[PDB]
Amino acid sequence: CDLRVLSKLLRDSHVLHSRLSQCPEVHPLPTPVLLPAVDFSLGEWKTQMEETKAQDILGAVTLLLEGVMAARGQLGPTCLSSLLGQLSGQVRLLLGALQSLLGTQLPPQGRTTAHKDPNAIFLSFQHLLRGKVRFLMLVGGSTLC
């Protein structure tokens, strides 16, 4: 396959986020939920070994998928939860690509912020896909897939 699993993955992702205005009465989570830190200062993160960087991410997509599920699990059978859900679909492609490359699953891990705002969960996803992931799709790659 491609280094475009990232691109069609990023594509598919605005499209769902966009749809969060079709949903009447969207309420900021009744419980703050952890998410894979939206930090834009990854110069030092670049120096670390080829696998490590990938291992930090696997750990960070696991926490994300874990975040989606927990906020979708403070919430009933709605429209948010319904959408906050094919998002889980998208997260899972990423998780499978990284687990496969790495030959293992890893634990939930890394620096976090908490969010009641559903929007910012739809966001750490797009943000991971744009940084940590991207700066580790550009160095040729042991493919990504």
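Counting begins at 1, following the sequence as shown.
A.B. asks: If you average the CA temperature factors over each stretch, which comes out higher, 38 to 46 or 89 to 97?
C.D. replies: 38 to 46 has the higher mean C-alpha B-factor.
A.B. asks: Pick between 110 to 118 and 24 to 32: the one whose mean CA B-factor in the entry is higher.
C.D. replies: Stretch with the higher mean C-alpha B-factor: 24 to 32.
A.B. asks: Would you mind ranking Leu16 by its C-alpha B-factor against the rest of the chain and naming the third, lowest, middle or highest?
C.D. replies: CA B-factor rank for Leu16: middle third.
A.B. asks: Would you please rank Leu123 by its C-alpha temperature factor against the other modelled residues of its chain and give the third it falls in: lowest, middle or highest?
C.D. replies: It falls in the bottom third of the chain.
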